[PDB]
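Source file: input_13.cif. Holds: mmCIF, C-alpha atoms.
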```cif
data_input
#
loop_
_atom_site.label_atom_id
_atom_site.label_comp_id
_atom_site.auth_asym_id
_atom_site.auth_seq_id
_atom_site.Cartn_x
_atom_site.Cartn_y
_atom_site.Cartn_z
CA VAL Y 1 11.30 -20.45 -4.88
CA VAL Y 2 8.55 -20.42 -7.52
CA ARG Y 3 8.29 -24.21 -7.53
CA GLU Y 4 8.33 -24.33 -3.75
CA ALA Y 5 5.66 -21.63 -3.57
CA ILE Y 6 3.41 -23.54 -6.01
CA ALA Y 7 3.95 -26.81 -4.11
CA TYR Y 8 3.17 -25.15 -0.76
CA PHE Y 9 -0.03 -23.48 -1.97
CA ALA Y 10 -1.20 -26.61 -3.78
CA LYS Y 11 -0.51 -28.53 -0.56
CA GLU Y 12 -2.46 -26.07 1.58
CA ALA Y 13 -5.26 -26.20 -1.02
CA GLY Y 14 -5.00 -29.98 -1.35
CA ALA Y 15 -4.96 -29.52 -5.12
CA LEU Y 16 -2.17 -32.05 -5.77
CA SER Y 17 -0.85 -35.36 -4.44
CA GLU Y 18 2.38 -36.03 -2.57
CA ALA Y 19 3.84 -37.51 -5.74
CA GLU Y 20 2.69 -34.46 -7.65
CA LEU Y 21 4.11 -32.04 -5.10
CA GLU Y 22 7.44 -33.83 -5.36
CA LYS Y 23 7.29 -33.65 -9.16
CA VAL Y 24 6.54 -29.92 -8.89
CA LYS Y 25 9.56 -29.44 -6.65
CA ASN Y 26 12.11 -31.66 -8.40
CA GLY Y 27 10.70 -32.46 -11.85
CA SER Y 28 11.15 -30.82 -15.22
CA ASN Y 29 9.94 -27.34 -16.12
CA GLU Y 30 7.17 -28.73 -18.35
CA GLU Y 31 5.79 -31.10 -15.71
CA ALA Y 32 6.01 -28.34 -13.12
CA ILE Y 33 3.87 -26.11 -15.38
CA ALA Y 34 1.45 -28.96 -16.11
CA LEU Y 35 0.99 -29.86 -12.44
CA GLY Y 36 0.53 -26.21 -11.48
CA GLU Y 37 -2.21 -25.85 -14.09
CA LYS Y 38 -3.80 -29.00 -12.67
CA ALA Y 39 -3.54 -27.55 -9.14
CA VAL Y 40 -5.18 -24.34 -10.38
CA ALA Y 41 -8.08 -26.30 -11.83
CA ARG Y 42 -8.35 -28.53 -8.75
CA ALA Y 43 -8.26 -25.68 -6.26
CA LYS Y 44 -10.90 -23.71 -8.14
CA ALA Y 45 -13.01 -26.88 -8.20
CA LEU Y 46 -12.66 -27.11 -4.39
CA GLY Y 47 -13.62 -23.47 -3.77
CA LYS Y 48 -10.06 -22.24 -3.08
CA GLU Y 49 -10.42 -19.46 -5.63
CA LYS Y 50 -7.83 -17.09 -4.16
CA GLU Y 51 -5.29 -19.91 -3.98
CA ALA Y 52 -6.13 -20.85 -7.55
CA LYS Y 53 -5.40 -17.25 -8.54
CA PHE Y 54 -2.12 -17.18 -6.65
CA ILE Y 55 -0.96 -20.49 -8.18
CA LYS Y 56 -2.02 -19.36 -11.65
CA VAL Y 57 0.23 -16.30 -11.38
CA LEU Y 58 3.21 -18.41 -10.23
CA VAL Y 59 2.76 -20.80 -13.20
CA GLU Y 60 2.71 -17.79 -15.51
CA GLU Y 61 6.06 -16.95 -13.90
CA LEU Y 62 7.38 -20.47 -14.56
CA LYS Y 63 6.42 -20.04 -18.22
CA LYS Y 64 8.12 -16.63 -18.39
CA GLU Y 65 11.38 -18.25 -17.25
CA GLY B 1 20.83 -9.18 4.19
CA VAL B 2 18.24 -11.66 5.32
CA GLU B 3 16.64 -9.31 7.86
CA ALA B 4 16.53 -6.26 5.58
CA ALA B 5 15.09 -8.40 2.76
CA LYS B 6 12.37 -9.68 5.08
CA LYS B 7 11.57 -6.12 6.15
CA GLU B 8 11.19 -5.13 2.47
CA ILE B 9 8.99 -8.16 1.72
CA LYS B 10 6.64 -7.33 4.63
CA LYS B 11 6.52 -3.65 3.72
CA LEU B 12 5.72 -4.62 0.11
CA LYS B 13 2.83 -6.81 1.26
CA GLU B 14 1.47 -3.89 3.32
CA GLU B 15 1.80 -1.50 0.36
CA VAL B 16 -0.03 -3.93 -1.92
CA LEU B 17 -2.80 -4.42 0.66
CA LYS B 18 -3.18 -0.67 1.09
CA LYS B 19 -3.64 -0.16 -2.64
CA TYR B 20 -6.15 -3.02 -2.69
CA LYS B 21 -8.23 -1.77 0.26
CA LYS B 22 -8.21 1.74 -1.23
CA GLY B 23 -9.70 0.35 -4.45
CA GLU B 24 -6.77 1.14 -6.72
CA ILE B 25 -6.19 -2.51 -7.71
CA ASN B 26 -8.24 -5.66 -7.79
CA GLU B 27 -7.46 -9.00 -6.20
CA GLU B 28 -5.53 -10.55 -9.10
CA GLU B 29 -3.57 -7.34 -9.68
CA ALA B 30 -2.60 -7.37 -6.00
CA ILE B 31 -1.34 -10.95 -6.26
CA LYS B 32 0.63 -10.12 -9.40
CA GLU B 33 2.25 -6.98 -8.07
CA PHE B 34 3.34 -8.81 -4.87
CA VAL B 35 4.60 -11.86 -6.76
CA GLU B 36 6.64 -9.76 -9.18
CA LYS B 37 8.31 -7.48 -6.62
CA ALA B 38 8.86 -10.15 -4.00
CA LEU B 39 10.47 -12.40 -6.63
CA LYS B 40 12.91 -9.59 -7.31
CA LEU B 41 13.66 -9.51 -3.56
CA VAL B 42 14.00 -13.28 -3.11
CA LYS B 43 16.37 -13.77 -6.08
CA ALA B 44 18.51 -10.88 -4.88
CA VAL B 45 18.64 -12.41 -1.32
CA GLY B 46 18.11 -16.13 -1.91
CA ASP B 47 18.65 -17.45 1.59
CA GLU B 48 16.20 -20.08 2.82
CA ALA B 49 15.01 -17.66 5.53
CA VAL B 50 13.97 -15.16 2.83
CA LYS B 51 12.28 -17.81 0.64
CA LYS B 52 10.28 -19.12 3.60
CA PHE B 53 9.33 -15.63 4.74
CA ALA B 54 8.15 -14.63 1.26
CA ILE B 55 5.98 -17.73 0.93
CA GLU B 56 4.50 -17.00 4.37
CA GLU B 57 3.83 -13.37 3.48
CA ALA B 58 2.18 -14.58 0.26
CA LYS B 59 -0.07 -16.84 2.34
CA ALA B 60 -0.99 -13.97 4.66
CA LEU B 61 -1.62 -11.71 1.65
CA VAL B 62 -3.91 -14.26 0.01
CA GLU B 63 -5.82 -14.84 3.28
CA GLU B 64 -6.43 -11.15 3.69
CA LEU B 65 -7.71 -10.53 0.13
#
```
Kindly transcribe the structure held in the file into C-alpha coordinates.
Amino acid sequence: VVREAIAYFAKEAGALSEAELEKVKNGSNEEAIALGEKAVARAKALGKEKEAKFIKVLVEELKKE
Amino acid sequence: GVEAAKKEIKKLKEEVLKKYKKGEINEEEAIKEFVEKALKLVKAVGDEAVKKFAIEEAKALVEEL
(Lines of atoms letter the chains of each structure in order from A and count residues from 1; the text may use other names and numbers.)
(Lines give C-alpha, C1' and ligand atoms only; values in the text may rest on other atoms or scores of the structure.)
Protein backbone atom coordinates (compact mmCIF):
# COMPACT_ATOMS: atom_id res chain seq x y z
CA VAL A 1 0.00 0.00 0.00
CA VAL A 2 2.93 2.34 0.70
CA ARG A 3 4.18 2.10 -2.88
CA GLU A 4 0.69 2.58 -4.25
CA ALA A 5 0.13 5.57 -1.97
CA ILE A 6 3.40 7.19 -3.13
CA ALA A 7 2.56 6.50 -6.79
CA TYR A 8 -0.95 7.96 -6.40
CA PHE A 9 0.22 11.14 -4.67
CA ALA A 10 3.10 11.63 -7.11
CA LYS A 11 0.57 11.17 -9.92
CA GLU A 12 -1.86 13.69 -8.46
CA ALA A 13 1.10 16.06 -7.94
CA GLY A 14 2.55 15.28 -11.37
CA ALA A 15 5.92 14.76 -9.68
CA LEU A 16 6.83 11.60 -11.64
CA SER A 17 6.40 10.07 -15.09
CA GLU A 18 4.30 7.08 -16.10
CA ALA A 19 7.46 5.01 -16.33
CA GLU A 20 8.49 6.26 -12.91
CA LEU A 21 5.10 5.54 -11.37
CA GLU A 22 5.32 2.00 -12.72
CA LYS A 23 8.84 1.64 -11.30
CA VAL A 24 7.55 2.89 -7.93
CA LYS A 25 4.78 0.30 -8.00
CA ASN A 26 6.66 -2.74 -9.31
CA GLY A 27 10.37 -1.94 -9.03
CA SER A 28 12.92 -2.64 -6.34
CA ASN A 29 12.88 -1.14 -2.86
CA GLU A 30 15.89 1.09 -3.64
CA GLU A 31 14.41 2.52 -6.84
CA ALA A 32 11.08 3.02 -5.09
CA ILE A 33 12.87 5.08 -2.41
CA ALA A 34 14.87 6.99 -5.03
CA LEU A 35 11.81 7.84 -7.13
CA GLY A 36 9.85 8.90 -4.05
CA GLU A 37 12.65 11.27 -3.05
CA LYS A 38 12.59 12.63 -6.61
CA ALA A 39 8.80 13.06 -6.39
CA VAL A 40 9.23 14.90 -3.08
CA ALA A 41 11.71 17.30 -4.67
CA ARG A 42 9.59 17.71 -7.81
CA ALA A 43 6.36 18.33 -5.95
CA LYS A 44 7.95 20.91 -3.67
CA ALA A 45 9.37 22.57 -6.79
CA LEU A 46 5.83 22.73 -8.24
CA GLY A 47 4.28 24.23 -5.10
CA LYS A 48 2.62 20.99 -3.90
CA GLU A 49 4.19 21.35 -0.47
CA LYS A 50 1.62 19.32 1.47
CA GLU A 51 1.89 16.48 -1.05
CA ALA A 52 5.66 16.69 -0.81
CA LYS A 53 5.33 16.29 2.96
CA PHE A 54 2.97 13.34 2.65
CA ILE A 55 5.23 11.57 0.13
CA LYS A 56 8.31 12.27 2.26
CA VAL A 57 6.69 10.49 5.21
CA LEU A 58 5.77 7.45 3.08
CA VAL A 59 9.36 7.17 1.78
CA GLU A 60 10.58 7.28 5.37
CA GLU A 61 8.23 4.33 5.88
CA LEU A 62 9.72 2.48 2.90
CA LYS A 63 13.17 2.97 4.44
CA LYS A 64 11.95 1.71 7.82
CA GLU A 65 10.83 -1.54 6.18
CA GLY B 1 -13.68 -6.62 8.33
CA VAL B 2 -13.50 -4.24 5.42
CA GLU B 3 -16.33 -2.01 6.67
CA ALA B 4 -15.14 -1.83 10.28
CA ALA B 5 -11.58 -1.09 9.09
CA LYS B 6 -12.87 1.74 6.92
CA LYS B 7 -14.84 3.14 9.85
CA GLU B 8 -11.66 3.12 11.97
CA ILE B 9 -9.62 4.79 9.21
CA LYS B 10 -12.19 7.61 8.84
CA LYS B 11 -12.47 8.07 12.60
CA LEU B 12 -8.66 8.22 12.81
CA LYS B 13 -8.53 10.94 10.16
CA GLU B 14 -11.13 12.94 12.12
CA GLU B 15 -9.18 12.51 15.37
CA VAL B 16 -5.97 13.67 13.70
CA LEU B 17 -7.74 16.69 12.18
CA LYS B 18 -9.26 17.61 15.53
CA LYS B 19 -5.85 17.60 17.21
CA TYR B 20 -4.47 19.69 14.35
CA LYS B 21 -7.25 22.30 14.39
CA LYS B 22 -6.97 22.53 18.19
CA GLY B 23 -3.26 23.36 17.82
CA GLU B 24 -1.91 20.26 19.54
CA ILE B 25 0.07 19.08 16.48
CA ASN B 26 1.48 20.68 13.40
CA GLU B 27 0.91 19.71 9.78
CA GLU B 28 3.77 17.20 9.43
CA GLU B 29 2.96 15.61 12.79
CA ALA B 30 -0.63 15.17 11.62
CA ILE B 31 0.51 13.44 8.43
CA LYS B 32 2.83 11.17 10.41
CA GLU B 33 0.33 10.17 13.05
CA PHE B 34 -2.28 9.32 10.35
CA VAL B 35 0.23 7.43 8.20
CA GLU B 36 1.47 5.34 11.12
CA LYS B 37 -1.93 4.36 12.55
CA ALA B 38 -3.63 3.85 9.22
CA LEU B 39 -0.75 1.61 8.09
CA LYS B 40 -1.43 -0.53 11.14
CA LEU B 41 -5.08 -0.72 10.04
CA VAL B 42 -4.38 -1.47 6.37
CA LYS B 43 -1.87 -4.28 7.07
CA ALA B 44 -4.28 -5.84 9.55
CA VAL B 45 -7.13 -5.66 6.95
CA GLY B 46 -5.33 -5.70 3.60
CA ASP B 47 -8.27 -5.91 1.24
CA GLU B 48 -8.16 -3.68 -1.83
CA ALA B 49 -11.25 -1.81 -0.53
CA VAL B 50 -9.32 -0.85 2.63
CA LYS B 51 -6.16 0.16 0.73
CA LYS B 52 -8.16 2.37 -1.64
CA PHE B 53 -10.15 3.91 1.20
CA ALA B 54 -7.01 4.71 3.21
CA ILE B 55 -5.35 6.39 0.24
CA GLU B 56 -8.53 8.42 -0.33
CA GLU B 57 -8.72 9.43 3.33
CA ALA B 58 -5.05 10.43 3.13
CA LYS B 59 -5.89 12.64 0.14
CA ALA B 60 -8.79 14.25 2.01
CA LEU B 61 -6.59 14.74 5.08
CA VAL B 62 -3.85 16.42 3.05
CA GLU B 63 -6.38 18.68 1.28
CA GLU B 64 -7.82 19.81 4.57
CA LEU B 65 -4.47 20.65 6.23
>> Could you tell me, as a ChimeraX atom specification, exactly which residues end up selected when the PyMOL selection byres ((chain B and resi 48-62) around 10) is applied to this structure?
In response: /Y:1-2,4-6,8-9,12,50-51,53-54 /B:1-7,9-10,12-14,16-17,27-28,30-31,34-35,38-39,41-47,63-65
>> Going by the chain IDs and residue numbers used in this file, which residues fall under the PyMOL selection byres ((chain Y and resi 15) around 10)? Write them as number ranges by chain.
In response: Y: 7, 9-14, 16-17, 20-21, 35-36, 38-46, 48, 51-52
>> Can you measure atom CA of residue 32 of chain Y to atom CA of residue 62 of chain Y for me? One decimal in Å is fine.
In response: 8.1 Å
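From atom CA of residue 59 of chain Y back to atom CA of residue 18 of chain Y, the distance works out to 18.6 Å.
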> Quick one, how far is atom CA of residue 34 of chain Y from atom CA of residue 3 of chain Y?
Replying inline: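 Straight-line distance from atom CA of residue 34 of chain Y to atom CA of residue 3 of chain Y works out to 12.0 Å.
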>> Please determine, counting only C-alpha atoms, which residue among Y:33, Y:19, Y:24, Y:57 has the shortest atom-to-atom distance to chain B.
In response: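 Smallest separation from chain B among the options: Y:57.
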> Counting only C-alpha atoms, which of B:32, B:37, B:24, B:15 gets nearest to chain Y?
Replying inline: B:32
